[PDB]
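**Q** Dropping a structure here in structure tokens format, bear with me for questions.
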Amino acid sequence: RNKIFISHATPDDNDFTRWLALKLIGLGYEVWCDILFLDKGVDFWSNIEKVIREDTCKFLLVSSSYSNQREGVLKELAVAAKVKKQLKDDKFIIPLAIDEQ
Amino acid sequence: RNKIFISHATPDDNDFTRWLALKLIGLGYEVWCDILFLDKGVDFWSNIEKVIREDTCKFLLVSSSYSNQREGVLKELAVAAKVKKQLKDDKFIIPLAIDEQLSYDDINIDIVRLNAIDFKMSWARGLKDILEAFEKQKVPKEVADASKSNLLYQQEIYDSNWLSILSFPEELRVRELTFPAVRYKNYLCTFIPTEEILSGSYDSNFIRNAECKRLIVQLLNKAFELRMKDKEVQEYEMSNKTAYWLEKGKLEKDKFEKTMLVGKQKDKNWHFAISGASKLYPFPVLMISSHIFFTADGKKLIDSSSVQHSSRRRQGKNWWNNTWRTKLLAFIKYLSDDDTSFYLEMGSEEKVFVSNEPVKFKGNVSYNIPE
Amino acid sequence: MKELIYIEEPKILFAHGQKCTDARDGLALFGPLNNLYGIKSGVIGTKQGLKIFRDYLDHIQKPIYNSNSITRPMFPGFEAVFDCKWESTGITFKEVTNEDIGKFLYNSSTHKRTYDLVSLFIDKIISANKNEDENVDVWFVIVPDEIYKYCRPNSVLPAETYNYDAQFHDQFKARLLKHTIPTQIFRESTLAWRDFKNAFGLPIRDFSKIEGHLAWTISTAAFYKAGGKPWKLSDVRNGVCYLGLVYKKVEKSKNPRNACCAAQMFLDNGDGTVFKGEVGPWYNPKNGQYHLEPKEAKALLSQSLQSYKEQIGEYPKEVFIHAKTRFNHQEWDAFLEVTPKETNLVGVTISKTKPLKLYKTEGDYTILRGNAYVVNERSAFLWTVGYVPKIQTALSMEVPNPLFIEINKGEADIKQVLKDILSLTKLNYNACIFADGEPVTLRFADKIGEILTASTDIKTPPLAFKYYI
Amino acid sequence: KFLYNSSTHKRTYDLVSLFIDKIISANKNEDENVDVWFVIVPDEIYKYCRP
DNA sequence: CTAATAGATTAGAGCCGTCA
Ligand SMILES: NC(=O)c1ccc[n+]([C@H]2O[C@H](COP(=O)([O-])OP(=O)(O)OC[C@@H]3O[C@H](n4cnc5c(N)ncnc54)[C@@H](O)[C@H]3O)[C@H](O)[C@H]2O)c1
Ligand SMILES: NC(=O)c1ccc[n+]([C@H]2O[C@H](COP(=O)([O-])OP(=O)(O)OC[C@@H]3O[C@H](n4cnc5c(N)ncnc54)[C@@H](O)[C@H]3O)[C@H](O)[C@H]2O)c1
Ligand SMILES: [Mg+2]
């Protein structure tokens with residue numbers, strides 16, 4: 001349970017998300033996101049859940065106009081909220097803000 | 001798209017699944033189940049996918065410790081999620097919780113954001129949960145049955161007859177003499193303070209407290225007998241007790257305060273009668289019992305208990321709570337003396353006063369009276 | 001102004017572990033507890049009775065409907081409810097010619113004719129049980145209406161035969177006790193209720209709108225007498241044994257004397273309910289004395305305690321002795337010296353004599369069924385008959401009478417006493433009703449005593465109710 | 001406690017009673033409808049109960 | 001022991017209603 005999970009909209013936030021993920025990896029933090037991580041030929045919806053439930057210490061969320069309405073990010077946020085309630089951790093979710101409109 | 005798909009783990013959850021499928025079929029819906037409609041010798045994954053994709057309106061999932069993390073269930077869930085996305089119905093998937101051993105923090109990642117239904121407490125409760133949801137979401141109900149499926153869908157202050165005794169004569173201190181008198185030893189008992197007799201206090205080798213209470217009760221009963229003799233009310237001798245009733249024409253049109261105490265039944269009249277017994281437990285009261293007696297021409301009774309019993313059975317068949325209550329209260333108010341009481345002559349001056357309204361009880365629970 | 005408390009409904013348990021307050025709804029929706037495979041029926045009677053019984057068996061295979069469904073639920077057919085088979089193909093018939101019934105019913109003496117008729121009917125059953133290979137679960141007796149009206153205590157027609165009561169039913173049930181054969185007596189007019197009429201072209205008994213009720217009752221009785229379990233009590237406190245005492249006068253035995261018969265109920269290991277009789281009458285020569293001598297009471301308590309200990313292994317923590325009379329010191333002191341020290345004896349008197357009636361102000365229906373007026377810490381009134389909201393009607397006509405409960409010996413909480421009495425009214429297997437008026441510990445202990453006093457002494461009679469009701 | 005008397009007659013009587021009393025009790029005072037009764041006799045009971 | 005006056009208890013029998 002020592003992996004940073006990055007949720008975001010796709011393919012609209014891949015540039016910023018890739019920048020952030022590469023920077024975090026370079027600084028030494030284990031991160032996760034579809035690009036560079038999801039395996040081809042796997043049950044994804046059911047691997048979006050295992051990693052969130054068993055291999056996550058923090059839950060970053062890239063917020064923008066694209067996010068906060070996408071179904072996938074909302075599902076991931078709901079599972080993250082449930083995991084936070086279970087863990088009794090106050091700062092499980094970190095809502096990054098990158099937009100202004 | 002009018003088939004309710006049911007996803008479960010086979011054969012661990014077969015009992016509940018079969019029960020639910022049979023219930024939903026009985027109510028009128030169309031159900032597809034892995035154990036009741038799959039064919040023998042058919043390509044089953046392809047048929048299941050076709051059923052999920054082409055004809056399916058609801059996807060009821062049986063959620064338990066077995067159905068969680070099962071390959072078939074998960075593949076069906078994935079295809080159903082695709083169909084939900086394509087169909088723009090946010091309530092296409094509905095988990096059903098039936099296992100008490102499955103914690104809400106361990107459910108699939110595909111159903112975390114979904115409102116499950118609880119069958120853990122009772123299966124009928126969950127059944128009506130799902131029926132309410134179906135009514136709201138307007139799932140097509142193929143109602144091909146009448147008077148059977150709808151029947152499967154369908155499947156305070158009180159009065160009393162106690163008259164409290166308001167007062168007693170102060171001191172206690174042959175049945176054919178004017179006042180109530182009782183023989184006892186060489187003495188005579190008739191109206192020791194009575195406040196202490198009715199407290200379990202007085203005791204002596206002359207008389208015991210229980211015997212004294214019995215004698216007081218006997219005096220009260222004799223006084224009531226004489227008092228009703230002095231009211232000019234006709235009497236009927238029952239098997240052990242006596243009853244009193246009013247002659248036809250005695251009341252103004254056989255009515256006292258918008259209540260009728262004498263009426264008609266075929267070739268007979270019917271008369272409302274009462275009898276009284278005085279008791280000291282649990283508190284001094286005068287218990288009243290209701291009876292109906294039938295007279296041939298309205299004045300003379302019938303010297304036959306068989307016909308009396310049959311007619312009494314016929315008359316009470318239509319009476320109900322309000323009829324009995326009002327008739328009893330009206331008779332008591334008729335016997336009332338001045339405003340709220342009614343005395344029994346216990347001697348030259350002494351009197352026993354009886355209330356003319358019954359004891360009132362109160363509760364906290366009733367019924368809505370659904371007509 | 002006085003105060004009334006209300007007592008919640010007990011609930012009973014059915015298949016799948018489901019609960020409900022109405023027996024009919026539970027049997028319809030979930031079904032019985034245990035699983036029989038089928039009922040094989042033995043019929044004894046004439047050919048008319050055989051035809052009538054076959055027709056009725058065929059009648060109740062399909063769903064039957066009542067006029068008012070809310071008051072009385074529908075009957076969905078025998079097998080839909082009970083998950084077993086009871087058809088007119090498992091019938092084994094033993095004919096009884098009409099000449100015999102005519103010729104024996106001619107002595108003008110009630111005792112001789114009753115004895116002869118009972119012997120005629122029971123000898124065939126005894127032979128069919130001894131000398132034959134076929135298997136019979138419940139024997140069904142179909143008596144013509146003409147013999148029923150003449151075999152009654154006071155009956156007039158318009159040799160160890162004087163030692164029995166002159167009632168067909170009691171003597172018939174008693175004389176089969178030593179062979180342990182279940183039986184169900186019917187009347188020809190009970191099954192063929194249409195064919196028996198009066199001066200007008202109507203049946204004497206009209207079952208047109210209550211036919212599903214009759215189907216429910218007959219089916220439940222037949223399913224219980226075949227060794228079935230249609231429901232049970234959901235909540236019964238552990239370590240509590242309930243008894244019941246009733247006195248039946250043993251008429252015309254060398255003097256006026258009277259006996260005593262009992263019943264018992266408790267929860268055993270495995271969440272089972274052991275509702276069974278307590279047999280062996282205990283007498284006293286005195287006339288009109290409804291009590292026990294110390295010697296005859298020590299035996300009864302020892303028997304009951306030994307039975308409970310044998311089935312459970314430890315003595316009851318609580319024993320409640322319900323009765324319709326009042327105990328005295330001489331016999332209650334016989335108690336408490338056979339009882340252990342780790343057990344509580346409580347004697348409850350239940351009577352329906354005190355005339356209290358409660359009426360609603362500005363209404364038309366009666367009082368609820370849970371209401372109780374607590375007079376004291378040793379006395380209270382309980383309404384076991386009244387308006388039930390579920391069936392939208394009351395269980396009686398006119399205004400019901402309350403049931404007067406009085407703690408007589410020992411100390412107990414009256415609210416708990418009422419709670420335990422109210423749940424004892426849901427176990428009437430002779431009936432298919434919402435609930436009874438009095439506890440069945442006092443009603444089933446009465447049938448056994450009524451059947452045991454209509455015959456000569458019989459050693460070690462059966463305890464199971466299926467041989468009595 | 002029964003198949004030890006060393007007298008064939010008495011132990012045969014006792015064992016027959018032990019089985020038949022239960023069978024008859026079940027027959028007379030229970031609510032089932034049993035078509036046949038199947039008696040599973042351990043080998044020792046049958047072995048020595050011969051004449 | 002016998003025969004009456006009552007209050008407070010008990011157990012038996014027999015008849016009627018169940019809907020609209
Ligand atoms: N953890 C992350 O970094 C992250 C970010 C966004 C979404 N997600 C997840 O959410 C997604 C679903 O939400 P959405 O509809 O907004 O996503 P989406 O926009 O990626 O899905 C819509 C389309 O489906 C395509 N698609 C479908 N199945 C695919 C597969 N197996 N591999 C690659 N592309 C596939 C996507 O490429 C896209 O074109 C996917 O399940 C998964 O990628 C994860
Ligand atoms: N309730 C469920 O678990 C469920 C529901 C729908 C589909 N499925 C699918 O998943 C199942 C997995 O079964 P399992 O391997 O765990 O156990 P299994 O095959 O021993 O038992 C499962 C049952 O076997 C039967 N079955 C399987 N293959 C069959 C075939 N080729 N021909 C005929 N009958 C066949 C089906 O009735 C299936 O439900 C079956 O492959 C298929 O029905 C399961
Ligand atoms: Mg019966």
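Identifiers for the structure tokens are assigned positionally: chains receive A, B, ... in sequence, residues are indexed from 1 per chain, and ligands are indexed from 1 in the order shown.
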If you count only C-alpha atoms (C1' of nucleotides) and all ligand atoms, which residues end up within 8 Å of ligand 3, as a list in words?

**A**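 Sorted by chain and then by number, the residues are residues 184, 185, 221, 430 and 469 of chain C.
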
**Q** Contacts of segment 15-32 of chain D at 10 Å or less, counting only C-alpha atoms (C1' of nucleotides), minus same-chain residues fewer than 6 places along, as a ChimeraX atom specification?

**A** /C:36,38-39,137-138,176-182,222-229,276,461-468 /D:1-3,39,41,45,49

**Q** Taking only C-alpha atoms into account, produce a table as a tab-separated table in which each residue of chain B with an atom at most 10 Å from an atom of chain A appears once, together with its shortest atom pair and the distance in Å to one decimal, ordered by chain and rising number.

**A**
```
residue	atom	partner	partner_atom	distance
B:69	CA	A:46	CA	9.6
B:74	CA	A:46	CA	8.3
B:75	CA	A:43	CA	9.2
B:78	CA	A:45	CA	7.9
B:81	CA	A:45	CA	9.9
B:85	CA	A:71	CA	9.6
B:104	CA	A:82	CA	9.2
B:105	CA	A:86	CA	7.0
B:106	CA	A:53	CA	9.0
B:108	CA	A:49	CA	7.8
B:109	CA	A:49	CA	4.8
B:110	CA	A:46	CA	7.1
B:111	CA	A:75	CA	9.1
B:112	CA	A:79	CA	6.1
B:113	CA	A:78	CA	6.0
B:114	CA	A:75	CA	9.7
```

**Q** Taking only C-alpha atoms and all ligand atoms into account, name the residue in B:23, B:82, B:266, B:291 that is nearest to ligand 1.

**A** B:82

**Q** Do you know which residues are within 7 Å of ligand 1 using only C-alpha atoms (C1' of nucleotides) and all ligand atoms? Can you write them as a short mmCIF file (atom, residue, chain, number, x, y, z; two decimals) with N, CA, C and O atoms, in the first residue's frame?

**A**
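Saved the output as result_4.cif:
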```cif
data_model
loop_
_atom_site.label_atom_id
_atom_site.label_comp_id
_atom_site.auth_asym_id
_atom_site.auth_seq_id
_atom_site.Cartn_x
_atom_site.Cartn_y
_atom_site.Cartn_z
N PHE A 5 -1.96 7.01 -6.71
CA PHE A 5 -2.91 6.80 -7.79
C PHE A 5 -3.34 8.14 -8.36
O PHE A 5 -3.78 9.02 -7.62
N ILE A 6 -3.21 8.29 -9.68
CA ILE A 6 -3.61 9.51 -10.38
C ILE A 6 -4.83 9.18 -11.22
O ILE A 6 -4.77 8.35 -12.13
N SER A 7 -5.94 9.84 -10.91
CA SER A 7 -7.16 9.75 -11.69
C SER A 7 -7.31 11.04 -12.49
O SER A 7 -6.92 12.12 -12.03
N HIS A 8 -7.87 10.93 -13.69
CA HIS A 8 -7.96 12.07 -14.59
C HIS A 8 -8.88 11.72 -15.75
O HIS A 8 -9.27 10.57 -15.93
N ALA A 9 -9.21 12.74 -16.53
CA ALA A 9 -9.93 12.53 -17.78
C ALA A 9 -8.96 12.12 -18.88
O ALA A 9 -7.76 12.43 -18.84
N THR A 10 -9.48 11.41 -19.87
CA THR A 10 -8.68 10.90 -20.97
C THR A 10 -9.42 11.16 -22.28
O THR A 10 -10.66 11.03 -22.32
N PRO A 11 -8.72 11.53 -23.36
CA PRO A 11 -7.28 11.82 -23.47
C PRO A 11 -6.96 13.30 -23.27
O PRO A 11 -5.96 13.79 -23.79
N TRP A 32 0.80 5.59 -10.40
CA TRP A 32 0.03 4.72 -11.33
C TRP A 32 -0.95 5.55 -12.16
O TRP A 32 -1.46 6.56 -11.64
N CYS A 33 -1.21 5.12 -13.40
CA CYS A 33 -2.14 5.82 -14.32
C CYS A 33 -2.21 4.98 -15.60
O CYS A 33 -1.24 4.24 -15.85
N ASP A 34 -3.28 5.06 -16.39
CA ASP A 34 -3.39 4.15 -17.57
C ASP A 34 -2.07 4.12 -18.32
O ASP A 34 -1.45 3.04 -18.39
N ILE A 35 -1.64 5.26 -18.86
CA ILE A 35 -0.39 5.33 -19.67
C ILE A 35 0.77 4.81 -18.83
O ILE A 35 0.81 5.13 -17.63
N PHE A 44 -9.50 -4.42 -17.23
CA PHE A 44 -9.17 -3.09 -16.67
C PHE A 44 -10.17 -2.69 -15.57
O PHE A 44 -9.72 -2.49 -14.43
N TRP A 45 -11.46 -2.57 -15.88
CA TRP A 45 -12.40 -2.08 -14.85
C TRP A 45 -12.13 -2.83 -13.55
O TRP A 45 -12.32 -2.23 -12.47
N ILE A 48 -8.79 -1.54 -12.08
CA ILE A 48 -8.90 -0.13 -11.62
C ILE A 48 -9.23 -0.21 -10.15
O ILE A 48 -8.80 0.67 -9.41
N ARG A 70 -16.88 13.13 -15.67
CA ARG A 70 -16.63 11.86 -16.32
C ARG A 70 -17.05 10.71 -15.41
O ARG A 70 -16.83 10.75 -14.20
N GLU A 71 -17.66 9.68 -16.00
CA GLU A 71 -18.14 8.56 -15.20
C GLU A 71 -17.00 7.79 -14.56
O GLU A 71 -17.09 7.39 -13.39
N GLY A 72 -15.91 7.57 -15.30
CA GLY A 72 -14.81 6.78 -14.76
C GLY A 72 -14.16 7.43 -13.56
O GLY A 72 -13.88 6.77 -12.55
N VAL A 73 -13.89 8.74 -13.65
CA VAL A 73 -13.26 9.43 -12.53
C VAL A 73 -14.20 9.44 -11.33
O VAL A 73 -13.75 9.34 -10.19
#
```

**Q** Would you list the contacts of residue 5 of chain E as a PyMOL selection string, taking every protein, DNA or RNA residue within 12 Å and counting only C-alpha atoms (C1' of nucleotides), but skipping same-chain residues closer than 3 positions in sequence?

**A** chain B and resi 174-175+181-184+215+218
